[PDB]
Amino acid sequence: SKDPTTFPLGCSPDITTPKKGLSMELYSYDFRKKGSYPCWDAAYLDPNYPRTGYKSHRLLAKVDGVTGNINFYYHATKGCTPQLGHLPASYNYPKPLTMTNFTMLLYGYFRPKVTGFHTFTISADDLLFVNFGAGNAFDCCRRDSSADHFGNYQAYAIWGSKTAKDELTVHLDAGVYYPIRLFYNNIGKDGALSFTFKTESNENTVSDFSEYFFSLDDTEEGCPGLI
């Protein structure tokens, strides 16, 4: 139930109206002491960094309502140096941060408009890890209780890898809500995130998630998929 699959399980919320967008949490990600080779910290690739490791870093923000086009490219002027920047307005966080070096978590639900095969394509500098589906990401309307128990990644991208870019193909049902978790890191210099998809219904590429990303309140009994 926590394993990645081509036919993920979804959720059916009851009367409470879903809220637009995902939630985001932002954390610091320091360089190592001057003189270090390399200048950046490798912690982002400890196997548990995305599960418990990141929690020991400085919390910068927790926001709601993240939607629209969430892609970004941050161009740095040099490596090994923290430099200030801003996220796109879609992230609902107007303050400057060290865009050269930070950790970011997004979670919530994906609602399809069509029933059939979806292919999500991702790329990132330095890292983007994706979980998708009930159990694999977290449990239906029981996120706060299952948040740290996600399974093997459905897709991932690592700058410098043989998987610099990656894809996820899954069969989905329209109007069902699918748990999703995105984990991102920049360890130095440039930063980039691309998250888009296509379906078998037509040849359009979706980059704007305004009609697709939602948040659901947890409930006493949970909201397992009913279809």
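Position 1 is the first residue in the sequence shown; the rest follow in order.
- In this entry, 30-38 has the higher mean Cα B-factor, the comparison being between 196-204 and 30-38.
- Legend: mean Cα B-factor per stretch from the PDB entry, 42-50 versus 174-182; the higher mean is in 42-50.
- In this structure the maximum Cα B-factor among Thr115, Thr121, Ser146, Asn152 is found at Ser146.
- Annotation for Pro88: CA B-factor lies in the lowest third of the chain's modelled residues.
- Split the chain's modelled residues into thirds by C-alpha temperature factor. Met24 is in the lowest one.
- Ranked by C-alpha B-factor against the other modelled residues of its chain, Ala137 falls in the lowest third.
- In this PDB entry, the Cα temperature factor of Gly68 sits in the bottom third of its chain's modelled residues, the lowest group.
- Compared with the other modelled residues of the chain, the Cα B-factor recorded for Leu168 ranks in the lowest third.
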